[PDB]
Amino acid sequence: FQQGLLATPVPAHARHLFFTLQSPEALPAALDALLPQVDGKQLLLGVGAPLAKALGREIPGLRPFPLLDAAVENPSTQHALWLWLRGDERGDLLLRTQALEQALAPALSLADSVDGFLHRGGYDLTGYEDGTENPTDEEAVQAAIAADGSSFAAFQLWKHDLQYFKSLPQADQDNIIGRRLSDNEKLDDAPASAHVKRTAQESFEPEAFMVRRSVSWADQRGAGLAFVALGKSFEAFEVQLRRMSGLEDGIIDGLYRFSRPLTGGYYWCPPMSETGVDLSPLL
């Protein structure tokens, strides 16, 4: 089985941590201290491509975050290790992060972190509902979980310009998203650049279905959406990001008019075994 990547009572808070491998000499000491804490429910783990190449192994399906030569900027800030903390107590995530940061401190240094929260029941700070057309029970498992229970997650930290977006007329805001804010109805007559029209999961030659487990965030860098896209492989995420960037037809997604990603990373989520997390292909 995988990790608790699909539990439908999604916690009110999240904490994403990203680590750089600085000293591979003390890496075994850090992993022996880390793996017994990964239960897949409150602490989830993803392995990056630099961590695979550092250990000489190559996990099937894993590769760095792609480089898209487009008119919009999708930065590739690939890290070695990704920790995903989920809980209802915002203080509990903070206290463990200080424990985890000290736990891996010889081998891994903290490169970036995001204090996430679930706005209302699941919304982006812009007011639009996030997760409407997300698949549900078992439809998630076909889309997000691989044959062996591993999953492949794409991470992007999007920074919103909430002041500029909320200053536009509602009719123009709706043409940017592709759905009406008042009742969450798809705008059939929206421009081709509308977000829902760009990412229509049924509008690809494989039904590029993914599971989105994003949360909202806010700190000194501003505020936006911590986008997390799970897939049985990275192709569902990548073909959509290429269409959003105008690399398929020349039409760029409307989200880039008010929001831009600061971070980009691909991570392999190993399966959950009976002794713990299954990092056997990597050790």
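In case it trips you up, residue 1 is the first one in the sequence shown, and so on.
Comparing the deposited coordinates for 146 to 154 and 199 to 207, the stretch with the larger average C-alpha B-factor is 199 to 207. Comparing 132 to 140 with 92 to 100, the higher mean C-alpha B-factor in the PDB entry belongs to 132 to 140. For the set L118, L125, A194, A105, the maximum C-alpha B-factor listed in the entry falls on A105. Per the PDB entry, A190 shows the highest C-alpha temperature factor of the residues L85, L110, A190, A80.
Annotation for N184: C-alpha temperature factor in the highest third relative to the rest of the modelled chain, per the entry. Per the PDB record, residue ranking by Cα B-factor puts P24 in the highest third of the chain.
In the deposited entry, the Cα temperature factor of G265 places it in the lowest third of its chain's modelled residues.
Per-chain ranking of the deposited C-alpha B factor places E238 in the lowest third. Per-chain ranking of the deposited C-alpha B factor places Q163 in the highest third.
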